[PDB]
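Notes to accompany the following structure.
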Amino acid sequence: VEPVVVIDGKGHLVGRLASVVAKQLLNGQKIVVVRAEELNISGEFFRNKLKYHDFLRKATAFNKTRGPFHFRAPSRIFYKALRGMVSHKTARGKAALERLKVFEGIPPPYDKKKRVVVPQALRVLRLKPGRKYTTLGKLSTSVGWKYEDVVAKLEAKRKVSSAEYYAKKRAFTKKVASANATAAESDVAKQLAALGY
Amino acid sequence: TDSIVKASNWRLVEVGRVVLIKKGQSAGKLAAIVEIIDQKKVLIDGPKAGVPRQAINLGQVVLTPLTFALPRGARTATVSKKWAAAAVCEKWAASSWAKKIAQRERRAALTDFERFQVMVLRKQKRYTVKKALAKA
Amino acid sequence: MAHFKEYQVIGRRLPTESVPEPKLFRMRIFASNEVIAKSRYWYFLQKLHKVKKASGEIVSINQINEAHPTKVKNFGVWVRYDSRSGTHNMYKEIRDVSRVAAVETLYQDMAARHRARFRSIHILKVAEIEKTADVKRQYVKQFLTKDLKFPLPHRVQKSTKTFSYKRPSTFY
Amino acid sequence: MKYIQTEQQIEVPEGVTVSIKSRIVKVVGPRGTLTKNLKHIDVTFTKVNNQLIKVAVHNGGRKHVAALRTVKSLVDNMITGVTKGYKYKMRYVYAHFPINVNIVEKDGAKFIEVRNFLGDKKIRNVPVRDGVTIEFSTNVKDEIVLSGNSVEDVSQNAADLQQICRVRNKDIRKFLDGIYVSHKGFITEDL
RNA sequence: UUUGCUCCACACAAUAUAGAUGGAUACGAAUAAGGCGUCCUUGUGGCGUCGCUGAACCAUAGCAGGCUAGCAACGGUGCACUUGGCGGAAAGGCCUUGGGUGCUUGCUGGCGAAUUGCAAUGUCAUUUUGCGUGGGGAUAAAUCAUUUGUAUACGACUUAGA
RNA sequence: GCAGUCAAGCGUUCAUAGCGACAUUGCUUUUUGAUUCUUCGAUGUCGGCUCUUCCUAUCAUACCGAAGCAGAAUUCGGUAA
RNA sequence: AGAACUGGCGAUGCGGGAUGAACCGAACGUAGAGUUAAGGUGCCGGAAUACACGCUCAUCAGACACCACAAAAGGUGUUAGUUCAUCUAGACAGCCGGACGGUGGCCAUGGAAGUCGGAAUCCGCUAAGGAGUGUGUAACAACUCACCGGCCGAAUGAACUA
RNA sequence: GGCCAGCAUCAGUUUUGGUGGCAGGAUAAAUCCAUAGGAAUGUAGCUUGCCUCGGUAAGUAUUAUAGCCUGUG
Ligand SMILES: [K+]
Ligand SMILES: [Mg+2]
Ligand SMILES: [Mg+2]
Ligand SMILES: [Mg+2]
Ligand SMILES: [Mg+2]
Ligand SMILES: [Mg+2]
Ligand SMILES: [Mg+2]
Ligand SMILES: [Mg+2]
Ligand SMILES: [Mg+2]
Ligand SMILES: [Mg+2]
Ligand SMILES: [Mg+2]
Ligand SMILES: [Mg+2]
Ligand SMILES: [Mg+2]
Ligand SMILES: [Mg+2]
């Protein structure tokens, strides 16, 4: 119900996440996916690497610049799934795709915004315990993605800053919860509780 | 010097374990595990809340942290007697979980005039709370 | 074929002037309705005795309810089923509160583990194992231990909404 | 079959403390500290009486309950490593060319040098994993001894030394030259 | 440059909208574990509590929100300012200081609303551009033609020329 | 044309190092047939030259496993175009 | 390539089988509403990321008839069964002890003693030992196993089925 | 007069809810109550051995300081 929904893609079962995102985009919801390098694919890393190499060998024989483009970045892999599940050759599908942004890490605009998850796409909720799974960042690096390390560095920096922010917010929330704990034996609070608040 | 191992306390499927039905004719009532049929199936009894003695899928109920002493296979009369003796209903109504359920039911039951009153009272309380926060 | 009911079916091998009052054969059939119950009765009667539906009649069909449908029992089920290459007799054990529930579990399990469809299965016998230590299957034995307790790790709650704001937990 | 409960016991001697967070085990004993990550097995640890740790698998299949005993063995080997230690004795075997094994330093890294293996002019270098101590044993001819807390690191170092000395392009039934693990036991005697 | 160009402010015009109609409301990690509070011997520590969904939290009353009179309290919030710091992954945002001024529904009053007629999105947003009025700011190049041959089918390239 | 399964035998002994009868299961479409579906208001009919790419049932090169592998040489096999 | 009965395509659109003359469903004037068929309901894509019991992890997984392929033979992979066995009067596995005498049993052979080969398939001591399960010897000698024991203490083994 | 609509009461078709009264079955089977008989995944009691509060492990004990099963009504 937000104008823009930011999904933290960590551990999110790329195909199921893409299905959710395709339906949202076609229904008219603006979606921004962050941390695509932390997306998960069910199955062994070797299985998914072999699948990506099968994808890689497909190319237009007489001109490789015409053939299917093999994007290595995790955001672009997720985008490939999403585009394959969106009717992208039509104007409606094109508009749906403009309604979407996918990022590795969490760039400035969205690091200070709320991140949501999709429970029907979460790996811990969907996969049976013990089932092996792949990480999109590792798969992308194995198939040629060049920016795993810089993304990791910037993510560590962002996490440090966000930890400071959350420590400040937690202190302020403790103060506010203390203030609301007082005046809870007040008459106004009693009427609110009688009304369910 | 002493070994430390995190307990990771789970609620246990066991005779006497109190469960809350989330789907079916009961849909929000408490029952007790009479016994365990399979890893996914239990025979339960809800005589105090009106839940008929029935074999139910464990996926149809939520285990509660409440347990009372009950012999395995106890019939409905015994289950009701032990339930009353252990005062399961009071123990459940004291929990924040049941308190949250009742609060959401009351909020759903509010009328438009009561929502307006809630707004007014919330503003009144917010004034004092913000004043205390600024004083702090 | 569906959620099962048990029926007693009694058939006659229709009387003639030479032989009035024939021998009134009865069976217990697990079927989802009376039409299927009578069809199965005539199928097995054609397997057993020299009679067909045209030369016989159903004397009575009565639904048999579980005597104690809220008592947990262990059932020994003897079945005969057709695999892809032969016919085999099997014995299995099912814990449930009724014969119909045990038979539904039996059909589900046979379909799941041997790809045996309903048409390929004969229920030779269903009988409650009255005494523990007459249960000879471990997958039922392990539920007969004293003070049986077990947790349910990795609880997966279903979300009503597409998006969650909490990064949920699987505690139970 | 999905056995309801499967359980294994881990005896803790007096001098050992086992700190088990979610699945990160830290075993501390007289000989040092060992650490192991077991978040890939989905087991449950529980301390019973400060001398006994139970490890359990609930509703587990055959492979899961096998991994349960694997976990018990791993933690037992951790405790053994911090109490008694682990030592592997390897023999140098050769028909004609004496194998020259030494310890050398390359930017402070403690390699094991193998020279003259089957007369090779190549010099074989096996890095010494941290925590593993190399001693060339007197009173026995051509013996190297690897000692340490972690049986994993000790045995992997011994295996690297053995595999670096594999014979190529020859009938290895006749050319038995190499460095082979002759004994695997504990650093402390008869404990 | 037949008073050009640009920035700001306002006014007036067109121009459309992949589609506002209270708020995209910021830890990280794990899930066979965690969040929070508290305490200490500061830890893979003790204790208590929570989850079982956002069904939340904040906001939210007033001619689409008018004009006025007070009470209580020095709070909340808008604005133009202003102090200082932080933010480069796409920073273009976050935090903060001080004062001014407006509103405050925290509480109690007085006046207004009608006739859009029994509903009609009943017009309140943002997106570019044009033009006018005021104020600030700046005062070039490129191409052709000529020339070069490190270039060259032609284009192109690479050189030179007040 | 290529590849399996069984294993009577060969292999001094030893069925399976390497082979392997009598049988039997297949695969391939670089053989030749079978057919006649397309083309007879026309798809230029052999081979070579040239050039690119693809396949692997791998001749060589890389790393390996097995041997009736002492070495040398060789043979069988694996990943591998 | 040729017959039989029927239904079809030709001559036929429509929904489904992605696609397709023949398959499934259904046959068609122009429209509205409702319900369906076959087929489907993660997204493309209308419609349950429905419910429920199980099974499967594939370094070539599999994923709906016509239909767009796969076999014999195999696998302590995993699952469920059948039958026969051993077992608290101690099952199997694990470590250690014994593993004799008659006897180099008889014969073929240059030599063959349990063990390249044929027949005889015996007992005394016996908890127990085969005229022999293997390694080894030119033949010996010597290790080795069937067999029985010492220790631990509850389930285990074999052949099959799919 | 024409164009576009709103409501009410109806009619035809249909879709989706709330609710009442009957019938049948083993005149449902159950639950419940009463009663008789039992064993156990054996409750109280009792016996033996232990010891860090106080329980435990093995026996006996069929309702007792839990219950359960089957039959009958
Ligand atoms: K032609
Ligand atoms: Mg490249
Ligand atoms: Mg050689
Ligand atoms: Mg031509
Ligand atoms: Mg041509
Ligand atoms: Mg090959
Ligand atoms: Mg023809
Ligand atoms: Mg014709
Ligand atoms: Mg037709
Ligand atoms: Mg098709
Ligand atoms: Mg019509
Ligand atoms: Mg849809
Ligand atoms: Mg087969
Ligand atoms: Mg009507």
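Residues in the structure tokens are numbered from 1 in each chain, the chains being A, B, ... in the order shown, and ligands are numbered from 1 in the order shown.
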
Using only C-alpha atoms (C1' of nucleotides) and all ligand atoms, what table do you get, as CSV, when you list each residue of chain F with an atom no more than 9 Å from ligand 6, its nearest pair of atoms, and their distance in Å rounded to one decimal, rows by chain then rising number?
```
residue,atom,partner,partner_atom_place_in_ligand_line,distance
F:56,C1',ligand 6,1 (Mg),6.1
F:57,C1',ligand 6,1 (Mg),7.7
F:58,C1',ligand 6,1 (Mg),7.3
F:79,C1',ligand 6,1 (Mg),8.4
F:80,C1',ligand 6,1 (Mg),7.3
```

Could you turn the residues from that selection into a file that holds N, CA, C and O atoms (P, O5', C5', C4', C3', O3' and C1' of nucleotides), as a PDB file, in the first residue's frame?
```
ATOM      1  P     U F  56      29.437 -33.240 -27.966  1.00  0.00           P
ATOM      2  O5'   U F  56      30.179 -34.630 -28.169  1.00  0.00           O
ATOM      3  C5'   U F  56      29.489 -35.745 -28.720  1.00  0.00           C
ATOM      4  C4'   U F  56      30.440 -36.850 -29.091  1.00  0.00           C
ATOM      5  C3'   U F  56      31.452 -37.204 -28.001  1.00  0.00           C
ATOM      6  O3'   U F  56      31.593 -38.616 -27.890  1.00  0.00           O
ATOM      7  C1'   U F  56      32.579 -36.687 -30.021  1.00  0.00           C
ATOM      8  P     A F  57      31.227 -39.333 -26.502  1.00  0.00           P
ATOM      9  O5'   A F  57      31.816 -40.802 -26.660  1.00  0.00           O
ATOM     10  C5'   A F  57      31.279 -41.697 -27.625  1.00  0.00           C
ATOM     11  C4'   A F  57      32.354 -42.311 -28.485  1.00  0.00           C
ATOM     12  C3'   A F  57      33.261 -41.320 -29.205  1.00  0.00           C
ATOM     13  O3'   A F  57      34.544 -41.912 -29.398  1.00  0.00           O
ATOM     14  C1'   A F  57      32.031 -42.569 -30.798  1.00  0.00           C
ATOM     15  P     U F  58      35.767 -41.532 -28.428  1.00  0.00           P
ATOM     16  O5'   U F  58      36.602 -40.465 -29.262  1.00  0.00           O
ATOM     17  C5'   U F  58      37.474 -40.874 -30.310  1.00  0.00           C
ATOM     18  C4'   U F  58      38.913 -40.536 -30.003  1.00  0.00           C
ATOM     19  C3'   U F  58      39.536 -41.317 -28.845  1.00  0.00           C
ATOM     20  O3'   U F  58      40.920 -41.537 -29.107  1.00  0.00           O
ATOM     21  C1'   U F  58      39.614 -39.006 -28.369  1.00  0.00           C
ATOM     22  P     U F  79      34.048 -39.917 -19.100  1.00  0.00           P
ATOM     23  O5'   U F  79      34.516 -38.486 -18.582  1.00  0.00           O
ATOM     24  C5'   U F  79      34.439 -38.145 -17.204  1.00  0.00           C
ATOM     25  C4'   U F  79      35.302 -36.951 -16.893  1.00  0.00           C
ATOM     26  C3'   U F  79      35.204 -35.807 -17.885  1.00  0.00           C
ATOM     27  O3'   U F  79      34.097 -34.968 -17.607  1.00  0.00           O
ATOM     28  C1'   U F  79      37.486 -36.249 -17.356  1.00  0.00           C
ATOM     29  P     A F  80      33.363 -34.180 -18.793  1.00  0.00           P
ATOM     30  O5'   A F  80      34.486 -33.186 -19.316  1.00  0.00           O
ATOM     31  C5'   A F  80      34.769 -33.089 -20.697  1.00  0.00           C
ATOM     32  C4'   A F  80      36.210 -32.734 -20.944  1.00  0.00           C
ATOM     33  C3'   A F  80      36.560 -32.490 -22.397  1.00  0.00           C
ATOM     34  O3'   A F  80      36.215 -31.182 -22.807  1.00  0.00           O
ATOM     35  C1'   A F  80      38.158 -33.940 -21.443  1.00  0.00           C
TER      36        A F  80
END
```

Shell of 8 Å around region 26-42 of chain G, only C-alpha atoms (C1' of nucleotides), local chain residues under 6 positions omitted, as a PDB file with N, CA, C and O atoms (P, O5', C5', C4', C3', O3' and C1' of nucleotides), in the first residue's frame:
```pdb
ATOM      1  N   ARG A  16      10.568 -17.359  -6.812  1.00  0.00           N
ATOM      2  CA  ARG A  16       9.340 -16.982  -6.121  1.00  0.00           C
ATOM      3  C   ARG A  16       9.280 -15.477  -5.892  1.00  0.00           C
ATOM      4  O   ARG A  16       8.223 -14.851  -6.071  1.00  0.00           O
ATOM      5  N   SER A  19       8.253 -13.974  -9.087  1.00  0.00           N
ATOM      6  CA  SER A  19       6.827 -14.128  -9.365  1.00  0.00           C
ATOM      7  C   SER A  19       6.016 -13.076  -8.625  1.00  0.00           C
ATOM      8  O   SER A  19       5.132 -12.422  -9.204  1.00  0.00           O
TER       9      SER A  19
ATOM     10  P     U G  12     -15.832 -25.829 -44.504  1.00  0.00           P
ATOM     11  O5'   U G  12     -15.879 -25.499 -42.951  1.00  0.00           O
ATOM     12  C5'   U G  12     -14.982 -24.556 -42.378  1.00  0.00           C
ATOM     13  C4'   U G  12     -14.510 -25.009 -41.021  1.00  0.00           C
ATOM     14  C3'   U G  12     -13.303 -25.944 -41.030  1.00  0.00           C
ATOM     15  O3'   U G  12     -12.454 -25.645 -39.925  1.00  0.00           O
ATOM     16  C1'   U G  12     -15.147 -27.020 -39.986  1.00  0.00           C
ATOM     17  P     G G  13     -11.095 -24.827 -40.168  1.00  0.00           P
ATOM     18  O5'   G G  13     -11.480 -23.333 -39.777  1.00  0.00           O
ATOM     19  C5'   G G  13     -11.601 -22.955 -38.416  1.00  0.00           C
ATOM     20  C4'   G G  13     -12.809 -22.088 -38.173  1.00  0.00           C
ATOM     21  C3'   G G  13     -13.057 -21.725 -36.718  1.00  0.00           C
ATOM     22  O3'   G G  13     -12.279 -20.623 -36.288  1.00  0.00           O
ATOM     23  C1'   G G  13     -15.053 -22.556 -37.646  1.00  0.00           C
ATOM     24  P     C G  14     -11.165 -20.819 -35.149  1.00  0.00           P
ATOM     25  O5'   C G  14     -12.009 -20.847 -33.802  1.00  0.00           O
ATOM     26  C5'   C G  14     -13.097 -19.957 -33.610  1.00  0.00           C
ATOM     27  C4'   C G  14     -13.969 -20.402 -32.468  1.00  0.00           C
ATOM     28  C3'   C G  14     -13.231 -20.932 -31.251  1.00  0.00           C
ATOM     29  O3'   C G  14     -12.752 -19.897 -30.412  1.00  0.00           O
ATOM     30  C1'   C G  14     -14.992 -22.405 -31.808  1.00  0.00           C
ATOM     31  P     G G  15     -11.248 -19.938 -29.853  1.00  0.00           P
ATOM     32  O5'   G G  15     -11.344 -20.884 -28.578  1.00  0.00           O
ATOM     33  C5'   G G  15     -12.004 -20.445 -27.401  1.00  0.00           C
ATOM     34  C4'   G G  15     -12.040 -21.525 -26.351  1.00  0.00           C
ATOM     35  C3'   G G  15     -10.743 -22.284 -26.130  1.00  0.00           C
ATOM     36  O3'   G G  15      -9.803 -21.591 -25.331  1.00  0.00           O
ATOM     37  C1'   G G  15     -12.498 -23.823 -26.333  1.00  0.00           C
ATOM     38  P     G G  16      -8.239 -21.696 -25.678  1.00  0.00           P
ATOM     39  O5'   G G  16      -7.848 -23.177 -25.245  1.00  0.00           O
ATOM     40  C5'   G G  16      -8.046 -23.616 -23.910  1.00  0.00           C
ATOM     41  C4'   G G  16      -7.837 -25.102 -23.769  1.00  0.00           C
ATOM     42  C3'   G G  16      -6.509 -25.649 -24.256  1.00  0.00           C
ATOM     43  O3'   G G  16      -5.426 -25.394 -23.381  1.00  0.00           O
ATOM     44  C1'   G G  16      -8.240 -27.053 -24.999  1.00  0.00           C
ATOM     45  P     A G  48      -7.344 -16.616  -7.685  1.00  0.00           P
ATOM     46  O5'   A G  48      -6.326 -17.775  -7.319  1.00  0.00           O
ATOM     47  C5'   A G  48      -6.814 -19.043  -6.920  1.00  0.00           C
ATOM     48  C4'   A G  48      -6.332 -19.408  -5.543  1.00  0.00           C
ATOM     49  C3'   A G  48      -4.863 -19.801  -5.452  1.00  0.00           C
ATOM     50  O3'   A G  48      -4.022 -18.679  -5.239  1.00  0.00           O
ATOM     51  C1'   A G  48      -6.195 -21.476  -4.444  1.00  0.00           C
ATOM     52  P     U G  49      -2.802 -18.364  -6.234  1.00  0.00           P
ATOM     53  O5'   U G  49      -1.571 -19.162  -5.611  1.00  0.00           O
ATOM     54  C5'   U G  49      -0.969 -18.752  -4.386  1.00  0.00           C
ATOM     55  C4'   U G  49      -0.095 -19.838  -3.802  1.00  0.00           C
ATOM     56  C3'   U G  49       0.366 -19.616  -2.362  1.00  0.00           C
ATOM     57  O3'   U G  49       0.423 -20.874  -1.693  1.00  0.00           O
ATOM     58  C1'   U G  49       2.249 -19.874  -3.756  1.00  0.00           C
TER      59        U G  49
ATOM     60  P     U H  13     -38.036 -17.338 -14.037  1.00  0.00           P
ATOM     61  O5'   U H  13     -36.526 -17.095 -14.470  1.00  0.00           O
ATOM     62  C5'   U H  13     -36.063 -17.525 -15.740  1.00  0.00           C
ATOM     63  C4'   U H  13     -34.643 -17.090 -15.986  1.00  0.00           C
ATOM     64  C3'   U H  13     -33.632 -17.495 -14.931  1.00  0.00           C
ATOM     65  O3'   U H  13     -33.234 -18.850 -15.017  1.00  0.00           O
ATOM     66  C1'   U H  13     -33.301 -15.235 -15.490  1.00  0.00           C
ATOM     67  P     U H  14     -33.034 -19.703 -13.672  1.00  0.00           P
ATOM     68  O5'   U H  14     -31.695 -19.111 -13.044  1.00  0.00           O
ATOM     69  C5'   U H  14     -30.474 -19.171 -13.765  1.00  0.00           C
ATOM     70  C4'   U H  14     -29.502 -18.102 -13.331  1.00  0.00           C
ATOM     71  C3'   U H  14     -28.875 -18.273 -11.961  1.00  0.00           C
ATOM     72  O3'   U H  14     -27.832 -19.229 -11.945  1.00  0.00           O
ATOM     73  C1'   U H  14     -29.532 -16.021 -12.260  1.00  0.00           C
ATOM     74  P     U H  15     -27.452 -19.985 -10.580  1.00  0.00           P
ATOM     75  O5'   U H  15     -26.536 -18.941  -9.806  1.00  0.00           O
ATOM     76  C5'   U H  15     -25.314 -18.487 -10.366  1.00  0.00           C
ATOM     77  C4'   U H  15     -24.723 -17.361  -9.558  1.00  0.00           C
ATOM     78  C3'   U H  15     -24.564 -17.629  -8.070  1.00  0.00           C
ATOM     79  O3'   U H  15     -23.396 -18.369  -7.767  1.00  0.00           O
ATOM     80  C1'   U H  15     -25.555 -15.508  -8.391  1.00  0.00           C
TER      81        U H  15
END
```

List as a PDB file with C-alpha atoms (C1' of nucleotides), in the first residue's frame the protein and nucleic acid residues near residue 71 (chain H), meaning an atom at most 12 Å away when only C-alpha atoms (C1' of nucleotides) are counted, but skip any in the same chain fewer than 6 places from it.
```pdb
ATOM      1  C1'   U H  35     -22.873 -51.391  35.743  1.00  0.00           C
ATOM      2  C1'   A H  36     -19.792 -55.970  35.003  1.00  0.00           C
ATOM      3  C1'   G H  37     -15.169 -57.881  33.521  1.00  0.00           C
ATOM      4  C1'   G H  38      -9.921 -56.752  32.444  1.00  0.00           C
TER       5        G H  38
END
```

For this session: Find the residues near region 51-66 of chain H: any atom within 10 Å, counting only C-alpha atoms (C1' of nucleotides), skip ones fewer than 4 places away on the same chain, and give them as a ChimeraX atom specification.
Result: /B:69-71,74,78 /H:38-40,42-47

Problem set entry | Spatial neighbours of residue 54 (chain E), max dist 12 Å, only C-alpha atoms (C1' of nucleotides), sep filter under 3 positions, as a list in words | residues 1, 2 and 116 of chain A; 159, 160, 161, 162, 163, 164, 165 and 166 of chain C; 25 and 57 of chain E

Problem set entry | Protein and nucleic residues near ligand 8, 12 Å, only C-alpha atoms (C1' of nucleotides) and all ligand atoms, as a PyMOL selection string | chain G and resi 9-11

For this session: Residues within 12 Å of ligand 5, counting only C-alpha atoms (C1' of nucleotides) and all ligand atoms: report them as a list in words.
Result: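 Those within range of ligand 5 are residues 42, 43 and 44 of chain F.
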
Exercise. Can I get the residues close to ligand 10 as number ranges by chain, where close means within 12 Å and we count only C-alpha atoms (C1' of nucleotides) and all ligand atoms?
Worked result: G: 16-20, 23, 64-68

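For the choices C:114, C:49, C:158, C:125, the atom-to-atom distance to chain B is smallest for C:158 when using only C-alpha atoms.
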
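The two atoms in question, CA of residue 123 (chain B) and CA of residue 105 (chain B), are spaced 22.6 Å apart.
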
Problem set entry | Backbone-only DSSP, helix (DSSP H, G or I) members of region 48-150 of chain A, as a ChimeraX atom specification | /A:48-56,74-84,91-98,108-111,119-121,123-126,136-143,148-150

What are the closest atom pairs, with distances in Å to one decimal, for each residue of chain E lying within 8 Å of chain D, using only C-alpha atoms (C1' of nucleotides), rows by chain and rising residue number, as a Markdown table?
```
| residue | atom | partner | partner_atom | distance |
| --- | --- | --- | --- | --- |
| E:32 | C1' | D:42 | CA | 4.9 |
| E:33 | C1' | D:22 | CA | 7.0 |
| E:44 | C1' | D:21 | CA | 4.5 |
```

Exercise. Which residues form the shell of 8 Å around ligand 3 when you count only C-alpha atoms (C1' of nucleotides) and all ligand atoms, given as number ranges by chain?
Worked result: D: 169-171; F: 69, 71-73

For this session: Identify, counting only C-alpha atoms (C1' of nucleotides) and all ligand atoms, the protein, DNA and RNA residues located within 9 Å of ligand 14, and give them as number ranges by chain.
Result: H: 10-12
